[PDB]
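Enquirer: Encoded as structure tokens, here's the structure I'll be asking about.
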Number of protein chains: 2
Amino acid sequence: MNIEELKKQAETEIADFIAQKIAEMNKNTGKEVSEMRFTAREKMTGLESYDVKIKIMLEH
Amino acid sequence: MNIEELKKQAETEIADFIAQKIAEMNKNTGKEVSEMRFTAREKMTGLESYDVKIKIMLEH
């Protein structure tokens with residue numbers, strides 16, 4: 001499998017995982033996720049992950 | 001379960017999923033993921049997901 005295909009595959013997997021998490025959150029809270037912040041988690045050995053902060057909105 | 005706890009849970013799940021994907025990619029390519037770009041995928045019904053673009057670096 002080539003590098004491009006691996007990349008597109010993982011991109012789709014992550015997008016799909018995030019979509020499921022948002023659907024789940026919206027369902028469970030009765031509210032709406034408006035945004036997620038992603039902050040790189042980097043080590044001397046390189047990028048490890050992104051830490052996530054979920055923003056949920058509600059009526060004033 | 002409260003809204004805060006649900007949030008922290010989903011944040012951790014997403015961070016962990018991304019970390020696994022990066023470890024996987026690095027292993028499979030012999031290279032290094034340097035960055036991921038996240039671009040909101042929004043609909044009139046609200047935020048659906050984030051689309052992802054993975055950047056991989058290699059030696060000049």
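Following the order of the structure tokens, first chain is A, next is B, and so on, with residues numbered from 1 inside each chain and ligands from 1 in the order they appear.
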Contacts from chain A to chain B, 9 Å maximum, only C-alpha atoms: show me the residue list as a PyMOL selection string.
Expert: chain A and resi 2-3+6-8+10-23+25+28-29+32-36+38+40+46-56
Enquirer: Please, which residues of chain A, numbered as in this document, come out helix (DSSP H, G or I) from DSSP, as an NGL selection string?
Expert: :A and (3-29)
Enquirer: DSSP says strand (DSSP E) for which residues of chain A? Put them as a list in words?
Expert: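 Matching residues for strand (DSSP E) in chain A are residues 32, 33, 34, 35, 36, 37, 38, 39, 40, 41, 42, 43, 46, 47, 48, 49, 50, 51, 52, 53, 54, 55, 56 and 57 of chain A.
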Enquirer: Could you tell me how far CA of residue 43 in chain B lies from CA of residue 26 in chain A, in Å and to one decimal?
Expert: 14.3 Å
